[PDB]
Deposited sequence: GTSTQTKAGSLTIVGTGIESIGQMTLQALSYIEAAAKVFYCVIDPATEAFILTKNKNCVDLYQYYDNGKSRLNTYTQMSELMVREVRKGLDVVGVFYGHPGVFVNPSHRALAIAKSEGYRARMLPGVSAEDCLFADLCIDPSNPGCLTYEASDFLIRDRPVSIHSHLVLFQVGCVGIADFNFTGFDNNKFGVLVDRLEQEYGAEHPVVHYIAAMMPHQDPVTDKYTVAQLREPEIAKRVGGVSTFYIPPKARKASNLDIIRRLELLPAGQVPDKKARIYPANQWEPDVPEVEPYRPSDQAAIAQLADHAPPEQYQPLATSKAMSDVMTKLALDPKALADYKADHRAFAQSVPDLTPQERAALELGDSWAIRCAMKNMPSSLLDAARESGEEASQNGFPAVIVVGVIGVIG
């Protein structure tokens, strides 16, 4: 009911392309846009999409506390919210991943009774998984801010992924336009030596910021980070990935309780699913085409869709309206305000489609857009989407 909203969105890391469709649509719909991005092509792109933009980066200054900058950035956004405007804040990457002023501004807006939401974006860590070819699930992921990691002595796990952000400004609370003098970097390297050993790998990671660039994926030993020529390459957009040192064994009690109980030769702790993590030291070669793989592939020739598979069975009118709700914030607001009024004015919907939109229930819409076989609903329960694309062990 109250006038004014704050939506904070991301641009992703790589220029323009890593912005989500909804981030773009909210930027276009906004009364006022406040942005903090790294690359100028993304900045130029944003300015073509809204006429009323303000660069938040101008609120940094040499020797000025970053906290003071963050309070100001937040306040610039919330001031416009209080005037009754639909405000969009834009931060590079994911706007809530290692970002102070977004969370501050949203919390203030929410506490004062305004609509407040963060839309997720693609983070530097998302880029890291993609470029280093690792999955956080295998074998778990610990993610820290590098100064916090040291100051609070945060735990490492030698059996899991370790990701460290802000390794180029260790112990630095202020700002400089010409970059950080990272002279406490040696304190980080000492901690990494204690935890992993001097010959354990550390990957210096920088995601490509422009579409034609390759990422920096440079493997060094912990010891090599002490070399001045290597240490100087670490800057404000550098992230470290430290791979596990070993594989963790299975817990017998849990094997029993989960009834994985052909316990004899439940694949040995080093019997990896292809592909193995290529950054992990002394990682053995894993066969991609084992006899079991070859047999699975042989079944493709005779494959038919299972009885209980639900083929898409929708219409242009329904796909058009579902697309509009996702890509037009104004249409979404209209729909949310009055499902029935909105649904009844959508042209060319079938009766079922109209009814599904009137209700708004997830299952009714899914039911309108997919043919649910009788085989399924004889077994199925009166949400259950069920799309699980990773299997551990």
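Visitor: In sequence order, which deposited residues have no C-alpha?
Guide: Model skips 1-5, 388-395, 407-410 of the deposited chain.
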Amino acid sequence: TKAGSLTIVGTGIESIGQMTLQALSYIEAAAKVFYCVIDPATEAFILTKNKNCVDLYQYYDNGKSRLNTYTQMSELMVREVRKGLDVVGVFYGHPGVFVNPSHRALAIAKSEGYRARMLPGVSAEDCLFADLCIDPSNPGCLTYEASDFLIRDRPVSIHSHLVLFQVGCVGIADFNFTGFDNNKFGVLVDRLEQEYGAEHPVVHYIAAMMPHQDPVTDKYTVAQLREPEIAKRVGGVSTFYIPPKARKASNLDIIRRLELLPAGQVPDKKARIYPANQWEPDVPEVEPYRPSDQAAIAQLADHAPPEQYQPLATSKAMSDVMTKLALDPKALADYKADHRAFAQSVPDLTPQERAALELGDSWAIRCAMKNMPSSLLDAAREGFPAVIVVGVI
From here on, numbers count along this sequence of modelled residues.
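Visitor: Should the higher mean CA B-factor in the entry be assigned to 21-29 or to 370-378?
Guide: Comparing 21-29 with 370-378, the higher average CA B-factor belongs to 370-378.
Visitor: Using the B-factors recorded in the PDB entry, average over the C-alpha atoms of 315-323 and of 260-268, then report which stretch comes out higher.
Guide: Per the PDB entry, the higher value belongs to 260-268.
Visitor: Looking at 226, 103, 82, 94, which has the biggest Cα B factor in the entry?
Guide: 226 has the highest C-alpha B-factor of those listed.
Visitor: Based on what the PDB entry reports, which of 236, 136, 215, 284 has the top C-alpha B-factor?
Guide: Checking the PDB record, the top C-alpha B-factor among 236, 136, 215, 284 is at 284.
Visitor: Which third of the chain does residue 363 land in by C-alpha B-factor: lowest, middle or highest?
Guide: Its C-alpha B-factor belongs to the highest third of this chain's values.
Visitor: How does the C-alpha B factor of residue 350 compare with the rest of the chain: lowest, middle or highest third?
Guide: Its C-alpha B-factor, which the entry lists for residue 350, ranks in the middle third among residues of this chain.
Visitor: With respect to C-alpha B-factor, does residue 123 fall in the lowest, middle or highest third of the chain as deposited?
Guide: As the PDB entry reports it, the C-alpha B-factor of residue 123 lands in the lowest third of its chain.
Visitor: Just say lowest, middle or highest third for the CA B-factor of residue 340 relative to the other modelled residues in its chain.
Guide: Tercile = highest for this residue's CA B-factor.
Visitor: State the tercile, meaning the lowest, middle or highest third, of residue 159 with respect to the CA B-factors recorded for its chain.
Guide: Tercile = middle for this residue's CA B-factor.
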